[PDB]
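Some notes on the structure that comes next.
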There are 8 protein chains.
Amino acid sequence: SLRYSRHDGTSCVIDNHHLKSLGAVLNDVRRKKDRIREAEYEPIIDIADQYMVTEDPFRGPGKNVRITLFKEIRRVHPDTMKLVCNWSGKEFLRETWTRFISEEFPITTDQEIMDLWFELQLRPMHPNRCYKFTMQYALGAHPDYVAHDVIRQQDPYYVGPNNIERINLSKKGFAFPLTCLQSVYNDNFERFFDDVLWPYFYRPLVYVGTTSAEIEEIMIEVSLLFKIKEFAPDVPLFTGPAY
Amino acid sequence: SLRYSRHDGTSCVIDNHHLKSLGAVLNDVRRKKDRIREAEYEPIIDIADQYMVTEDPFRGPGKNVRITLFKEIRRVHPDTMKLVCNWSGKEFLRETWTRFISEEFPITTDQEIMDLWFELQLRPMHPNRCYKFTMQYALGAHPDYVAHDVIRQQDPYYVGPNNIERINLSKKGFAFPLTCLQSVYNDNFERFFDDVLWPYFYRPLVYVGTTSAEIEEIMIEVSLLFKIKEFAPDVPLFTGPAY
Amino acid sequence: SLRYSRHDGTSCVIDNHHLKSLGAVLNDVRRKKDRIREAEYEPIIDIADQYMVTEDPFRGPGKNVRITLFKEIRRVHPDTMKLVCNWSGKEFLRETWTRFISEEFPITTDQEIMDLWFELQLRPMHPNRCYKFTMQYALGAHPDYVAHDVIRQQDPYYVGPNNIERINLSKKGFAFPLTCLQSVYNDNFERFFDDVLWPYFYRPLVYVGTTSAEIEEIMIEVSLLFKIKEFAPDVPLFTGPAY
Amino acid sequence: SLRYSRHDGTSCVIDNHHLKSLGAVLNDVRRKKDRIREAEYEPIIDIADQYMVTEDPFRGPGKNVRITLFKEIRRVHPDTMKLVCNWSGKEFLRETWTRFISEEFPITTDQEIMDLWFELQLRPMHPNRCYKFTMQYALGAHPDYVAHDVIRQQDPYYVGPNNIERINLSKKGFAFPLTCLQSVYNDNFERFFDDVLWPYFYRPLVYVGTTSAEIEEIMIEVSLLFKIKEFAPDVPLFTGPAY
Amino acid sequence: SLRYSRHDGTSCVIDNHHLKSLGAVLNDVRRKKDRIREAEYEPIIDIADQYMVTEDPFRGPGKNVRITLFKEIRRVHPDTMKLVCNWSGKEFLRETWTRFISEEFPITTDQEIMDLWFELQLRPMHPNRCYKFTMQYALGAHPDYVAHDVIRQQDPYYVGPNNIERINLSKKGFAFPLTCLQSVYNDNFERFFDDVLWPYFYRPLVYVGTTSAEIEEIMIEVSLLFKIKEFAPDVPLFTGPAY
Amino acid sequence: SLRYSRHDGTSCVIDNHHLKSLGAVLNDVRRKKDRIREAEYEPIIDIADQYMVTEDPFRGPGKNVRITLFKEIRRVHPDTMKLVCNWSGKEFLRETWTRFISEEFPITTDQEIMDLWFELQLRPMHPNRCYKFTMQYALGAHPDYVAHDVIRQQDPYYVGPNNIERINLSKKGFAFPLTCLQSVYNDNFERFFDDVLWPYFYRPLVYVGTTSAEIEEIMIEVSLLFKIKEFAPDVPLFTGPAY
Amino acid sequence: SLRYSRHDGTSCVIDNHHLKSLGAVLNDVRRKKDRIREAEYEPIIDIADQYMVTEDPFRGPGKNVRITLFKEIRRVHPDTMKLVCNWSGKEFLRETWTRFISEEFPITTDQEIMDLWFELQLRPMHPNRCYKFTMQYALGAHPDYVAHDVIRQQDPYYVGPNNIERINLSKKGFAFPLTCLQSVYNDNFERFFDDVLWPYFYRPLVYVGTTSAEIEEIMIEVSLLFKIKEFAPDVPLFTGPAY
Amino acid sequence: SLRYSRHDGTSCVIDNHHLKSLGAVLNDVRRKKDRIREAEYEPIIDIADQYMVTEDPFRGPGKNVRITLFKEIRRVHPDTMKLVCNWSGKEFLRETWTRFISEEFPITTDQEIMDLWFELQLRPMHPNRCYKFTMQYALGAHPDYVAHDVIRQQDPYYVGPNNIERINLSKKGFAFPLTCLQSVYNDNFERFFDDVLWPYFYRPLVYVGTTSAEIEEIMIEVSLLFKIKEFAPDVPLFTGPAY
């Protein structure tokens, strides 16, 4: 859009005298006016620039690898939340390793995972249901602990209006199939599990509720979203032998 | 407020013809106008949604457990800050364990601490004193180090306008009475202290100053604020024996 | 349009802390602002809701059955109106019965006519003629009266800007092929005419003029527009025999 | 007013080059801007055009025949209304027939009465009296009933700010000196009264009060306002014999 | 509210010189400014005053007699409407006569019914159901006709946002327990039924649906709302004998 | 766009009363408001109409004959301009005559050239180069003079933002292949050159620079743009013999 | 208008103290505010003052001598233009000389013609015709050429909204009855014609069309408008002999 | 000014997450908003770009050579203008040649004069005189004519608000010391005068008045302002011999 994209108007000379399109001079007025608008508020910016905002990682840095795990349907009582997953640590590590490696391989370039995310895409099962979704989670637990199937809503995370919620599993406790920048290697799940210092501890136990005063059938799409920094050389893929 | 909360106006039929309240049609104009207001600025939102803001944890996720520790009064010279606490690591761990467990017990449900906070509620001692509060802190120190009682203001944290400042003690170094999601157990301070890898190191040494050019008597309320994710089952409390 | 239709922005958790898209918080500001805009003007609404407006029947209740009767061209002198129709009552009842029944049959469901309308769709015959249309009408007349072919403009109805004018023939005088809710029956024009108490009296005599100071050739499309309330059961149409 | 009524500015050619008045180009900007203003609000219009308003009959269709009947002065107690007229049906029909025919004759053209109105023009008798007028009425009554001279204000019609109130007497019950479109005939009151099916029933019994907390002397001008659709041929009045 | 309700500010004299409160002069500026605001838009009003709006009868003229008849619950399929009432004409006249007379008696004053209304107060049975209500109706039917229990939504009346819909039963067909202004008399249902010319014909058959894409349990409160013009004398109620 | 292009809303009559769409009355308010907006600023227009603007000849009068001559690439040093053309007068007249006649013939109608233009379409050769173009020119020179290939920027013409610059060659010195309105004749270049009083003098010597502080490779498209007033009869082209 | 034309308010002294009218101080606020409004936009003016506009010659410099020549009526087919004048050069020079000298004489002062204009005042012949006028012209032609009576619209000059179009005949080709500043002399048409170098060449051949899609009868008033710079001494006219 | 000249705000990464300054995101909102402001008015620009404005030659193209000639003081009667110069053509050509050549020489580069201007810088002689200046002029006259010393104000040129007025002497009649692009040659005034075809004719006779109703002593600074297009090679000035 904005067709004449700030490059509107032309110019001609009539008997040595120079002429310019009027609408182009109107922009000259407006831009110069907008920038004058900017100078009065420039001290305002000076104080606003004291503070910072975070870049949406999913609209910004890093590659978007959405490794979907499963779907699930729950009936949620009012003011309650329902458990989405109740895996042992061993069974969370198998799914995470198997599903990412299988869908990502071949890994053809060097890369470092910037952040691992446990993602919830949530949908209401009935139409004309106006409400939002709520979330609670633990990231580690005693390995012989299993979470209650249903809990009461108490200070949840209020999920955004697009019904998508992403929970990160920091590099402080959770092992990664590739912890930092590394060539991809000859990897099997058994070598991975033996290298996790804490296989059975770190396992996300996640709940979802609603803001509805009714029983709500809800749809829960669960993925592990890898944000990956890929270092792919600026070189072609040749058919062998090269040259 | 907003009494007729967007559901204003009624409707009637007069000789098969349908009538509607005028003020309700005015909202029809305005909402449709506001949403038209929203479509011109919708590309603006598209660019704003590139970035994100943080949810105030104390107005948002997690339970608010304010375990008050002590009160203290300091006389602050101009451009100086006064030390609030100068505990050994052993003496910070005793207070943190004793005060949270004693005030929190009985712990009747499973829970995980999301973040531990060292909170400063600050008040001026005199009226008609217009100024704000400043803060500096170290979270760990050599255990045989003790902090100077008074320092000079040099790039402090500028405390918010409500005179409340909350400093988090991350899970990367500081041990917690319950590190992750766990049943509550038979716990004593001696078992806790022996399980801290770094008892004498991690201990907050915190200072407070003002923006005042005068000596200011100030009041400092210190609490440890636990933000707890509680997983309380959606089940009753029965008197024993159940059923 | 309005793509992100008020459901913009997402949410994520970073080390237990909750983040939300900025543009979504902008809507939080604006909606809450619009509703605050609504509370100051809410007493204004209270007074506006004292009064009511009518729903456009043709954009609203009832089925739209446009039974076109004929087209006609007139040359209109300035400040004059030209007669569109000059039927006897017997000849208005034949056209109304024959044309509605023939085009509506088969009438497969129960229905009640809510209002009968005599519709004028008017078009100028020449381009670059800026003016509007004017209307006058009588709905009943002495049956041996016939209207003048041309009259002088004197307090006409000023037709709307879309050049379409609809004149209703109330249920107080005019008989209807089906007066109220009724199964459709074995109906012929002779049974209808004999049941009209006032066949030769009620007959619309309608005129059209312009606001032009010139002779204007104008195009007049005349229809009888039935607004019908249909009570069609929520049942299928089966091929016989059912089951 | 608006002197240059959108036709401002001129144009000239200087050495084949075309020039135009600047203020005229300013309108080009503004109109095009207003119509751009109209396109953003055009969906707003789409929703507003769902509903309709009524045309003020007295500023619009039909001829304005104000047949004044009488004047009257009342002293109105606070929160009371005073009866304006208490005629039998026979005496309302004599006045209506005699006064309209006498003042309207000669009736030289065909015409149909669109609506009969009982009009109240109301004036305060004292200055510096800030209040409005209230109205109540019955249109028919048992013929041996006569209305109380004074009643209590209970849900009145709130008369408009210009102190003029018009009450219509529908064609559903009230007979008219000419019920529909008809040549004017040899008419006397006795033929009229004998043709009214319901002479003594339909008779307006009308009250007026104020919103004042004081006794108010008020002035009441009563007219019967005929809104007439006249079908006057576009032909001259010749002196006889024609041609 | 508006405390100083346009009567703000005072005045004093200092050595013969007159002083006035400043805020009061500010209103002098503003009112005079508002009325100057009114003169520029006064031609706008001139064109707006061409048209008229209807006064909400329930916030305006006439007494509000809400004679509740019954409550009913329906399960509404999507895009369907459910029949609210399916009475014979004899059974609609018994309820209307019995319920209004029983709840209105003693009728102590003269009165005329201005309009009879069939009222629907509608509520959703579940929370967090965002939708509106739709209506269709017939007012008369063949007396041996009974309406389908469920129909398909086809050009309904869109009920107002407050979920209250009022349908009037005109004086053109429907008989009334008191048709016009009359003393109340010795009345029984049998005398009433025998005086209705059309007892079994005129009977409202009314449907309700939703704008929801789900099955909706809905609550339907049905009343007959009499708008009554009461002519209650401005005289006391004395205990007998008077004087 | 503007769909309902000021002709929004319809009108209907209900029991002789006239109704109009509400959104159409909203335009009645707005237009009347805009024109009231126009009357306050009408004295402003009166003063603006004191002055005039020129019509863009290329968006306005005359036919657009763009006779492209050649393309050229220059490397422009900072603050310098590069010569685009350095023809003798004899060689400018050959190109102008040959290229216009060859591309324009057959000239089938009478015509007069309104203005001859030397046009520069300029493009940067590299992307992400933010700058504008500058121009200087002489229209006549001593015929044995040849212009320097590169000069220094000193008060150039600042070319418009669309990078197109048009320089006119007035009728005061430059001969034209057809000087005024004339039938087209049996014309060869030798007859043309012999009729130019000043063949070797009038020859445009034109330079181009940038506002860039870097060496810029630039692309220069050069055309002679004839603005022609064509007097083409309103008659068909028949195949011979006519009739 | 603007009665108190910036000189509002008075002043008085009360016991040595000075008082000033409040409304006058309000202007002090506003002017100072307007000029502060002017300083923020002053850089905007700096950029606007880069460019210039032309003064309407007819509202500005030079005397307005409108020498009307003739009137003419044409029927214009759609998308066509009709020739207004088809004079030989000899016959254009006779009219120009005869009509200006006859109507201007006595020429009592020295004067120089600044510009000669061929003026078209255009009016539609029918009312309610919304369209504008278009123009094309040649100023010189082969003298044995005569223009087609009707041509097709192809890039016309779009005449201004006041339907007046002025075409100048430059001093570069057209001879003038007085070419520059000169005493008026003993002049006859034969001396004039013999002094024109190019009598039969320079003769305006002018066309007019419309923007209408209909045949339009149009009215064309043609004048030669002399803009004259008169140098009339600041001396009286005495009756002879002076003194 | 505008310090952070649209390049405000910085960015940092915290644990792989990207942060940006808030004030910089505010500009992102505003620019994107301004450009959205530009798209609604973009059709407005489309219509404004139909027309063109002239570039102030003195703030734009060409070199500014202000060759001051003389100063003069006049006493101006009200509504009169006073003659500034009354030279013969021979004496105007001597001053123009002598003063430009003497002040311009050495002419070291090739150049073409774009326009010759007769400039008036005007100042009031007394303070607190609020008025503007008016101008009239002839550019050629009979050579034996001399202008009246004082004339009456009749349609003057209204000089701009900065009291500077520039009058151009076109290339159509006036000879120039260098008519087009040419090396500078061995030039004397006698060779120049002999090459002017019209030495005694073309000579500006210029008047000045005021808008004052009083006698005004005024100061008149007269210059000939040459706008020169200089073609100065991008080569150094070496001391001889080069290399």
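Ordering of the structure tokens sets the chain letters (A, B, ...), residue numbers begin anew at 1 in every chain, and ligands are numbered from 1 in the order given.
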Next on the checklist: Would you mind listing, as a count of residues only, all residues of chain G that have at least one atom within 8 Å of chain A, where only C-alpha atoms are what counts?
Outcome noted: 7
Item to check | Exercise: residue 104 of chain C partners within 12 Å, only C-alpha atoms, chain neighbours under 6 positions left out, as number ranges by chain | outcome: C: 63-67, 96-98, 111, 177, 184, 225-226, 228
Checklist entry - Quick one: residues within 7 Å of segment 162-175 of chain A, only C-alpha atoms counted, chain neighbours fewer than 6 positions away excluded, as a list in words? => result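 Contacts, with the query itself left out: residues 115, 116, 117, 118, 119, 120, 121, 122, 123, 133, 196 and 202 of chain A; 7, 8, 9, 10, 11, 12, 13, 14 and 15 of chain C.
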Next on the checklist: as a PyMOL selection string, please: every residue in segment 8-226 of chain F that a backbone DSSP assignment puts in alpha helix (DSSP H).
Outcome noted: chain F and resi 22-40+42-48+89-104+189-195
Those residues with C-alpha atoms, as a compact mmCIF listing (two decimals), in the first residue's frame please?
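Written out: out.txt:
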# COMPACT_ATOMS: atom_id res chain seq x y z
CA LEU F 22 -31.06 6.93 9.55
CA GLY F 23 -27.60 6.77 7.97
CA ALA F 24 -28.90 8.90 5.11
CA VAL F 25 -30.01 11.53 7.64
CA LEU F 26 -26.52 11.27 9.14
CA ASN F 27 -25.08 12.39 5.80
CA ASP F 28 -27.66 15.20 5.76
CA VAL F 29 -26.11 16.29 9.06
CA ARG F 30 -22.54 15.88 7.83
CA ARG F 31 -22.75 17.48 4.39
CA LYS F 32 -24.71 20.41 5.85
CA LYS F 33 -22.02 20.40 8.56
CA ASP F 34 -19.17 20.28 6.02
CA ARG F 35 -20.72 23.16 4.10
CA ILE F 36 -21.08 25.02 7.39
CA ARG F 37 -17.42 24.12 7.90
CA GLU F 38 -16.93 25.72 4.47
CA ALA F 39 -18.67 29.00 5.36
CA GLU F 40 -16.42 29.79 8.34
CA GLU F 42 -14.97 30.79 3.12
CA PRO F 43 -13.22 34.12 3.81
CA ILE F 44 -10.07 31.98 4.07
CA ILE F 45 -10.80 30.70 0.57
CA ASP F 46 -11.43 34.27 -0.59
CA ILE F 47 -7.85 35.10 0.37
CA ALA F 48 -6.43 31.83 -0.94
CA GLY F 89 23.17 21.98 -32.91
CA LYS F 90 23.10 20.16 -36.23
CA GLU F 91 23.15 16.80 -34.42
CA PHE F 92 20.45 17.81 -31.93
CA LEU F 93 18.18 18.87 -34.80
CA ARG F 94 18.70 15.59 -36.68
CA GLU F 95 17.78 13.47 -33.65
CA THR F 96 14.80 15.64 -32.72
CA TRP F 97 13.43 15.64 -36.27
CA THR F 98 14.20 12.01 -37.12
CA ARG F 99 13.01 10.47 -33.83
CA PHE F 100 9.74 12.42 -33.46
CA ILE F 101 8.66 12.12 -37.10
CA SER F 102 9.55 8.42 -37.37
CA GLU F 103 7.69 7.43 -34.17
CA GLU F 104 4.78 9.88 -34.66
CA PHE F 189 15.29 16.64 -42.62
CA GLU F 190 17.08 18.83 -45.17
CA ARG F 191 14.08 21.13 -45.64
CA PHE F 192 13.79 21.32 -41.84
CA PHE F 193 17.46 22.16 -41.21
CA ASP F 194 17.44 24.86 -43.87
CA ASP F 195 14.36 26.52 -42.24
Checklist entry - What's the 10 Å shell around residue 212 of chain E, counting only C-alpha atoms, without same-chain residues fewer than 2 positions away, as a PyMOL selection string? => result (chain A and resi 127-129) or (chain E and resi 76-80+129-133+209-210+214-216)
Next on the checklist: I need the residues in segment 10-237 of chain E that are strand (DSSP E or B) according to DSSP; give them as an MDAnalysis selection string.
Outcome noted: chainID E and resid 11:14 17:20 51:52 54:55 63:76 80:83 110:124 129 133:141 150:152 157:158 164:169 181:182 202:210 216:231 233
Item to check | 12 Å contact set for residue 60 of chain H, only C-alpha atoms, chain neighbours under 6 positions out, as a PyMOL selection string | outcome: (chain A and resi 16-20) or (chain F and resi 134-136+154-159) or (chain G and resi 47+49-52) or (chain H and resi 54+227-229)
How would the residues just chosen look if you wrote them out with N, CA and C atoms as an mmCIF file, in the first residue's frame?
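The new file out30.cif reads:
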data_model
loop_
_atom_site.group_PDB
_atom_site.id
_atom_site.type_symbol
_atom_site.label_atom_id
_atom_site.label_comp_id
_atom_site.auth_asym_id
_atom_site.auth_seq_id
_atom_site.Cartn_x
_atom_site.Cartn_y
_atom_site.Cartn_z
ATOM 1 N N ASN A 16 13.395 28.317 -17.677
ATOM 2 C CA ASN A 16 14.452 28.368 -16.667
ATOM 3 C C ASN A 16 13.927 28.276 -15.241
ATOM 4 N N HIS A 17 12.614 28.422 -15.054
ATOM 5 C CA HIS A 17 11.996 28.455 -13.704
ATOM 6 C C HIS A 17 11.613 27.034 -13.322
ATOM 7 N N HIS A 18 11.753 26.665 -12.077
ATOM 8 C CA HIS A 18 11.576 25.306 -11.604
ATOM 9 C C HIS A 18 10.207 25.144 -10.968
ATOM 10 N N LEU A 19 9.512 24.066 -11.329
ATOM 11 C CA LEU A 19 8.199 23.757 -10.782
ATOM 12 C C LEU A 19 8.214 22.384 -10.127
ATOM 13 N N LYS A 20 7.386 22.230 -9.097
ATOM 14 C CA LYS A 20 7.286 20.983 -8.348
ATOM 15 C C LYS A 20 5.823 20.673 -8.062
ATOM 16 N N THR F 134 20.192 15.972 -8.794
ATOM 17 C CA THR F 134 20.309 17.389 -9.061
ATOM 18 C C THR F 134 20.597 17.582 -10.542
ATOM 19 N N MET F 135 20.237 18.763 -11.051
ATOM 20 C CA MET F 135 20.285 19.034 -12.481
ATOM 21 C C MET F 135 20.785 20.451 -12.713
ATOM 22 N N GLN F 136 21.522 20.622 -13.811
ATOM 23 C CA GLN F 136 21.846 21.927 -14.369
ATOM 24 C C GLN F 136 21.814 21.811 -15.881
ATOM 25 N N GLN F 154 26.642 23.676 -7.978
ATOM 26 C CA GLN F 154 26.520 25.070 -7.560
ATOM 27 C C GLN F 154 25.106 25.513 -7.918
ATOM 28 N N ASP F 155 24.233 25.574 -6.914
ATOM 29 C CA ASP F 155 22.850 25.993 -7.085
ATOM 30 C C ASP F 155 22.143 25.193 -8.193
ATOM 31 N N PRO F 156 22.027 23.878 -8.040
ATOM 32 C CA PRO F 156 21.316 23.081 -9.045
ATOM 33 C C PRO F 156 19.802 23.206 -8.891
ATOM 34 N N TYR F 157 19.097 22.707 -9.907
ATOM 35 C CA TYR F 157 17.689 22.385 -9.766
ATOM 36 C C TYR F 157 17.574 21.079 -8.987
ATOM 37 N N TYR F 158 16.799 21.088 -7.906
ATOM 38 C CA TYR F 158 16.593 19.894 -7.091
ATOM 39 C C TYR F 158 15.450 19.082 -7.689
ATOM 40 N N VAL F 159 15.790 17.943 -8.300
ATOM 41 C CA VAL F 159 14.793 17.132 -8.995
ATOM 42 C C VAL F 159 13.784 16.579 -8.000
ATOM 43 N N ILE G 47 10.155 25.777 4.877
ATOM 44 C CA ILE G 47 10.176 24.837 3.767
ATOM 45 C C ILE G 47 9.084 25.169 2.759
ATOM 46 N N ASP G 49 8.025 28.247 2.127
ATOM 47 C CA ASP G 49 8.518 29.426 1.427
ATOM 48 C C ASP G 49 9.591 29.092 0.396
ATOM 49 N N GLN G 50 10.060 27.841 0.351
ATOM 50 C CA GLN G 50 10.883 27.414 -0.771
ATOM 51 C C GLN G 50 10.141 27.587 -2.093
ATOM 52 N N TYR G 51 8.812 27.473 -2.075
ATOM 53 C CA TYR G 51 7.998 27.459 -3.282
ATOM 54 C C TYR G 51 7.072 28.674 -3.326
ATOM 55 N N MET G 52 6.520 28.928 -4.510
ATOM 56 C CA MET G 52 5.754 30.145 -4.770
ATOM 57 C C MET G 52 4.463 29.821 -5.508
ATOM 58 N N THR H 54 5.777 26.912 -8.024
ATOM 59 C CA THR H 54 7.059 27.373 -8.538
ATOM 60 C C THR H 54 8.085 27.440 -7.416
ATOM 61 N N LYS H 227 20.557 35.966 -12.077
ATOM 62 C CA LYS H 227 20.514 34.544 -11.746
ATOM 63 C C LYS H 227 21.313 33.832 -12.829
ATOM 64 N N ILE H 228 22.473 33.295 -12.463
ATOM 65 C CA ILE H 228 23.434 32.760 -13.426
ATOM 66 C C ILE H 228 23.593 31.267 -13.193
ATOM 67 N N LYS H 229 23.556 30.501 -14.277
ATOM 68 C CA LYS H 229 23.890 29.088 -14.278
ATOM 69 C C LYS H 229 25.360 28.956 -14.668
#
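Closest approach to residue 146 of chain C among C:220, C:232, C:53, C:206 is made by C:206 (distances from only C-alpha atoms).
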